[PDB]
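Asker: Would you mind keeping the following structure in view while I ask a few things?
With ideal geometry, Cβ positions are generated from the backbone for all residues, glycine too; neighbour counts draw on all protein chains shown. Read the figures in this text as sums done on the coordinates, not as results from a lab.
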Amino acid sequence: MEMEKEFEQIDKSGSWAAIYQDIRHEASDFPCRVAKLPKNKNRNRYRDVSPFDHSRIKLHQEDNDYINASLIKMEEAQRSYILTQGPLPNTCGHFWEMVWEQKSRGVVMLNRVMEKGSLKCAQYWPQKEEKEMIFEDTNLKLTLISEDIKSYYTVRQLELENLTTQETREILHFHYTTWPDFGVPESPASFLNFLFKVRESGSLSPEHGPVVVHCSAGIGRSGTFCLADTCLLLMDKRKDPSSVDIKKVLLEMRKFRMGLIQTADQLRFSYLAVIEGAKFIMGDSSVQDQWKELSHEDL
């Protein structure tokens, strides 16, 4: 694998910091005028993380159509993703409106509500079946239907109802709960096991709207997830580990949202994940059972 060759020689020369800086230097720069409007100041979690105007998701609203979210549309792979920040106490209604309007089937969450002693995300879904949530501003109802808790991730089945038309849909929530407070989980096995769980659910299928992916800012962990998935899909489409260039794929993704992949360590982990995942893509079906064991999801 030309990918694994580059990997071992970047490691050898210990130059991840420099490779990653090269990415930042070459990455696209597009305007984020709407995000920066004064009326939107309280709709942004971080002053330095904003969606580009050309790729932002627009809420179907008369008043204010803004949410901090970007459509990543990957032309060759034929897969789309919505990347967004962790919802704020005042944007949970906007978040679920987006899920409804875009026809998403799945939501992927890669952070915990509290990390490093501060609040990284609002509690935007119900924790108990009997205590449903109503978002008055967007007129939507949200109910916990069931929860399956494993050692490092939790899958929830939710029912989202448009209170206006009374139509209902099932949304699947995939919550990765074990990304370490500091520095990447540097075995990819549990990450890959999680990604394949999302794929098996049908949430990534062309028949549904784009999956919604978020962490706290919606660029680091979220970027890692989407980069690994897209690279694996490309290798699958041409069944050719060799033609896929991770750095080129990441730069393509950065055309649609800024700052994807936040550290050199996250880039190195992305390589690791793709390389290990390639084993399955190329015919070794048995490798998936190995990941599931390596990531003791029962403890």
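Asker: What value, in deg cm²/dmol to 500, does the helix sum -39500 (n - 2.57) over DSSP H runs of n ≥ 4 give at 222 nm once divided by the residues of the chain?
Answerer: -10000 deg cm²/dmol
Asker: Compute the long axis of helix 189-200 from its Cα atoms, compare it with the longest principal axis of the Cα atoms of the chain, and write down the angle in degrees, 0 to 90, nearest 10.
Answerer: 50
Asker: OK, next. Among the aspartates and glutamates, which have Cα under 17 Å from the Cα of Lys5 when same-chain residues fewer than 8 positions away are ignored?
Answerer: Counting by Cα, and skipping residues close in sequence, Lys5 has these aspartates and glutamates nearby: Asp240, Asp245, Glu276.
Asker: Rg to Rh ratio, the chain, alpha-carbon atoms and Kirkwood radius?
Answerer: That ratio equals 0.95.
Asker: Any chance you could give the angle, 0 to 90 degrees and rounded to 10, that helix 2-12 forms with the longest Cα principal axis of the chain?
Answerer: 80
Asker: If you don't mind, another one. When the expected Rg is taken as 2.2 N^0.38 Å, what fraction or multiple of it is the alpha-carbon Rg of the range 47-120?
Answerer: Normalised Rg, Cα atoms only: 1.19.
Asker: Which one of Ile82, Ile171, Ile19 has the biggest mean-square fluctuation once the chain is modelled by GNM with Cα springs under 10 Å?
Answerer: Of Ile82, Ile171, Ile19, the most mobile in the Gaussian network model is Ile19.
Asker: If you average the alpha carbon positions of the range 49-114 and of the range 264-283, how far apart do those two centres end up, in angstrom?
Answerer: The distance from the Cα centre of the range 49-114 to that of the range 264-283 comes to 26 Å.
Asker: Turning to a different aspect of this structure: Under a point-charge model restricted to the Cβ atoms of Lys and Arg (+1) and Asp and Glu (-1), what is the dipole moment magnitude of the chain relative to its Cα centre, in debye to the nearest 20?
Answerer: 860
Asker: Projected onto the charge dipole of the chain (+1 at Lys/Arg Cβ, -1 at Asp/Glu Cβ, origin at the Cα centre), which of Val212, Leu172, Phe196 gives the Cα projection farthest towards the positive end?
Answerer: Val212
Asker: Which order results if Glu297, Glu26 are arranged by neighbouring Cβ count within 10 Å, fewest first?
Answerer: Final ranking by Cβ density, sparse to dense: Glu26, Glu297.
Asker: Among the GluC sites (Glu not before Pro) in the range 149-251, which ones are in a DSSP loop with at most 16 other Cβ atoms within 10 Å of the Cβ? Mind listing them?
Answerer: Those that pass, being in a loop and sparsely packed, are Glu167, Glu186, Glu207.
Asker: Okay, next question. Just tell me which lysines come within less than 20 Å, Cα to Cα, of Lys39; anything on the same chain fewer than 8 places away is out.
Answerer: Within the straight-line cut-off, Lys39 pairs with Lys58.
Asker: Treat the count of other C-beta atoms within 10 Å as a stand-in for reagent exposure and order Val108, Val184, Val155 from fewest to most.
Answerer: With the sparsest Cβ surroundings first, the list reads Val155, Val184, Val108.
Asker: Here's a follow-up. Using a Gaussian network for the chain with springs between C-alpha atoms less than 10 Å apart, which of these wobbles most: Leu195, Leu37, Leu272?
Answerer: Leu37
Asker: Another question, then. With a cut-off of at most 10 other beta carbons within 10 Å, and DSSP calling the residue loop, which trypsin sites (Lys or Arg not before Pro) in the range 228-299 qualify? Please list them.
Answerer: Listed in order of number, the matching sites are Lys239.
Asker: Using Cα atoms only, what is the angle between the long axis of helix 221-237 and the major principal axis of the chain, expressed in degrees (0 to 90) to the nearest 10?
Answerer: Value to nearest ten degrees: 60.
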